[PDB]
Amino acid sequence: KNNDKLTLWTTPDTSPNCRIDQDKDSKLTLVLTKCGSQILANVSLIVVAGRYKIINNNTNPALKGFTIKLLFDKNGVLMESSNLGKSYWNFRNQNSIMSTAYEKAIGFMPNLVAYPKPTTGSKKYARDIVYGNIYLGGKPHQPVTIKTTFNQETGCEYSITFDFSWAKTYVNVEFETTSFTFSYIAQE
């Protein structure tokens, strides 16, 4: 009706949907829009609770990054082992989601020939990585690196991994980010 099977997303709310350190400590806002052979991806992160909400590298000098993993089965269905919760990961309907959990999203999965699964004896190429920067609090001198890797997780058919890292000593800085856009080659 208003079902939008060309967008797979978290809904644009600020309600937590993600575990970095503890259940529901963060909102990963992730929008995957299918433009044929490419997925246009838009991502940001708000940490609402737990250890990563406020970075203080004076008190926690070793706290310099964390990972959010989306693991997908052979149908492109988000697995329970993901950091991202399944509840509100679905095809778009307006500002919400389709009324039923999707069964197939292979059109949204990172291409396995572009981005092969890890295997001994085959060369691992960097083209399964996209680097970006996002900025804590929108401040131009609070960069964090967002490294996105496709299909490098085990125990799944497809994966998107977000590795967040910083090299600056952030003192009482709320971990809530600007947005970044990237694309990747779709499986079909």
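For every residue, the number given is its place in the sequence shown, counted from 1.
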Entry B factor averaged over C-alpha atoms, 101 to 109 against 114 to 122: higher for 114 to 122
Once average C-alpha B-factors are taken from the entry for 5 to 13 and 165 to 173, the winner is 165 to 173
The largest CA temperature factor among 68, 63, 39, 136 is found at 63
Per the deposited entry, the peak Cα B-factor within the set 151, 29, 33, 56 goes to 56
Residue 48: C-alpha B-factor third of its chain, per the entry, is the middle
Assert third(CA B-factor, residue 132) within chain per record equals lowest
